[PDB]
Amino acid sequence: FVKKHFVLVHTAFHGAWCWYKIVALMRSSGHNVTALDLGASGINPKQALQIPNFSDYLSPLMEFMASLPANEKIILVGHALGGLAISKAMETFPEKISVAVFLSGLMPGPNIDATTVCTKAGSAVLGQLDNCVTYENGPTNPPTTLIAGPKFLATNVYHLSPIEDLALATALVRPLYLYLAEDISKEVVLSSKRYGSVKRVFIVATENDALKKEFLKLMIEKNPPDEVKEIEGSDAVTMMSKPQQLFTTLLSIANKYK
C-alpha cells in the first residue's frame, strides 16, 4: 500500500460535486484526493461573464498546482473538456504529475491542436435538444455562453446514470463561456520536452455513440498516449454511471505508475 494524491478536473457545466462518488471511495480507502471547481463552476464565486479568458477558467487548477508542496507528486485526472485544463497543467508543472489520466478527455497535441478538438467537441453539444446560448457580446456576434438543458442532460449525458444524479446535475450545472478558438490555441501550448515528458493514460469510456468513439480514437491516433484503458457501460459521466469501475481503474493506474 502507498498513499496517493488524486486530483480531479471536471468537464463543461460541472464542478467538484460530480466526483462525489469517487471522492468518497478514495477517502475511505486512505488516499488523498482534491476535487477542484474551475472558473464559474460548482461553488466557484466567479460568474461566467466575468471569465471571458480561458486562463481565468483554468485558474483554480493552475493556482492549486502552483501551491503544491515540494517532494509531492499527484495523479491528475481530467474528464472530457477537463482534458484541456490538465494538458496546460502538464506543460507548466511536469515535475509535479506522476501520471495524467484522460477520462474520455479532450487530449490535444502537436499533430492535433486544441482548436481542432474543441470545434468538434462543441458540435455534438451546440444546438442539441434544449441547450441554449446567450448573446451579451451582441446579437450579431458569436454566442457568449452555453447552458445545458435538462433534456439534453437526461438523454445525451446521464442516459445511463441513476435518476437521482440527473436530478443532482439539474440543480448544479452552470453556464459555460464560449471561449474563442484563437484564445484557446494561444493558451494551450504544448512542447515535447515538458507536456511530452509526463506519463499519460487514456480511458475510453463511451457507449451507444459511434461518432464520439471515433473522435476519441482519432485523438489517441494523432497524439499517442503511454497506455489506453477502457471502461464499458459508461455514459458521458463515468463518475456517475460506472464509479466503482472508475475508482478501480484509477487505483490501478496510480499503483503501477508510481
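Note that residue numbering begins at 1 and tracks the sequence as displayed.
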{"property": "Higher-scoring stretch by recorded Cα B factor average, 143 to 151 or 75 to 83", "result": "143 to 151"}
{"property": "Comparing 218 to 226 with 27 to 35, the one whose average Cα B-factor in the PDB entry is higher", "result": "218 to 226"}
{"property": "Selection by C-alpha B-factor (highest) of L176, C132, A171, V101", "result": "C132"}
{"property": "Highest recorded Cα temperature factor - choice among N53, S67, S59, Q47", "result": "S67"}
{"property": "Within-chain third of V189 by Cα B-factor, per the entry", "result": "highest"}
{"property": "Lowest, middle or highest third - CA B-factor, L106", "result": "middle"}
{"property": "Chain third (lowest, middle, highest) by recorded CA B-factor, residue given as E182", "result": "highest"}
{"property": "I43 - which third its CA temperature factor falls in, relative to the rest of the chain", "result": "lowest"}
{"property": "Third assignment of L251 from its chain's C-alpha B-factors", "result": "middle"}
